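Worksheet for the structure shown next.
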Amino acid sequence: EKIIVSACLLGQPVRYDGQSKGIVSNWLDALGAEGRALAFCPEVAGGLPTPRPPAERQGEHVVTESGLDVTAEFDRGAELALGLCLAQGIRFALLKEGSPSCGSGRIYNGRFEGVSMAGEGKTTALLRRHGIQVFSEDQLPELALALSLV
Ligand code: SF4
């Protein structure tokens, strides 16, 4: 049984600033070694470049600080994540917290002022709407238990 993982959590330099959010986790390493962790970046899959300017949700819209609307790419990446899960039989996701794409518990408020609020990213919202459970890097034991049970 596989999971879809935010590519940045696996150390891939696909973050908006070309950096990575590689996490230290023996369990995630073992899952990867078994070919069960499918790296995925909604923003890069949606057609956005690396690097790219920061973006925040404003309701259903996703915009940059300058007002550029990038919802089309966010929604494409969200739909490609779902497509990958349906094709591979994946029903769990390990996505990056705070992201306008991958956030599951929190996101930035859309005012470009460093203020976080409770909410979810566009990919997470789509995945959960289709019955796929989304966990963050702060919920690895919960995700591991859910995956061990099936
Ligand atoms: S879109 Fe998601 S997977 Fe891609 S770099 Fe941003 S947080 Fe990581």
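Position 1 is the first residue of the sequence, and the numbers go up from there. Just follow the structure's listing: the first ligand is 1, and inside any ligand the first atom is 1. For the numbers below, each heavy atom of this structure counts, side chains included, while hydrogens, waters and symmetry mates do not.
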For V14, the ligand 1 atoms whose distance to one of its heavy atoms is below 4.0 Å:
5 (S)

Any N, O or S atom of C8 closer than 2.8 Å to atom 8 (Fe) of ligand 1
yes

Please check: side-chain N/O of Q58 versus main-chain N/O of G110, any donor-acceptor pairing under 3.5 Å?
yes

Are the side chain of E97 and the backbone of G105 linked by a donor-acceptor contact shorter than 3.5 Å?
yes

Is there a donor-acceptor contact under 3.5 Å from the side chain of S99 to the main chain of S101?
yes

For atom 2 (Fe) of ligand 1, what is the nearest protein heavy atom, given as residue, atom name and distance?
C102 SG, 2.4 Å

Tell me if the OH atom of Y108 is crowded by more than 12 foreign heavy atoms within 6.0 Å.
no

Among protein heavy atoms, which lies nearest atom 4 (Fe) of ligand 1, and at what distance?
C41 SG, 2.3 Å

Specify side chain, backbone, both or neither for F40, according to which of its non-hydrogen atoms lie closer than 4.0 Å to ligand 1.
backbone

Run through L95, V134, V5, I107 and flag the one making a side chain to side chain contact (heavy atoms under 4.5 Å, CB included) with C102.
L95

Once you restrict to heavy atoms under 4.0 Å, what part of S99 touches ligand 1? Side chain, backbone, both or neither.
side chain

From the candidates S6, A81, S20, the one that places a heavy atom nearest atom 3 (S) of ligand 1:
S6

Using a 4.0 Å heavy-atom cut-off, say whether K96 meets ligand 1 through its side chain, its backbone, both or neither.
side chain

The atoms of ligand 1 lying under 4.0 Å from a heavy atom of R15, numbered in the order shown, are 5 (S), 7 (S)

Counting neighbours of CZ on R76 that are heavy atoms of other residues, nucleotides or ligands and sit closer than 6.0 Å, is the number greater than 12?
no

If you count the atoms of ligand 1 from 1 in the order shown, which ones are under 4.0 Å from a heavy atom of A7?
3 (S)

Residues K21 and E137 bridged, charged N to O under 4.0 Å:
no

Do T124 side-chain atoms and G103 backbone N/O form a donor-acceptor pair below 3.5 Å?
yes

Have a look at ligand 1 and work out which part of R52, if any, has a heavy atom under 4.0 Å from it: side chain, backbone, both or neither.
side chain

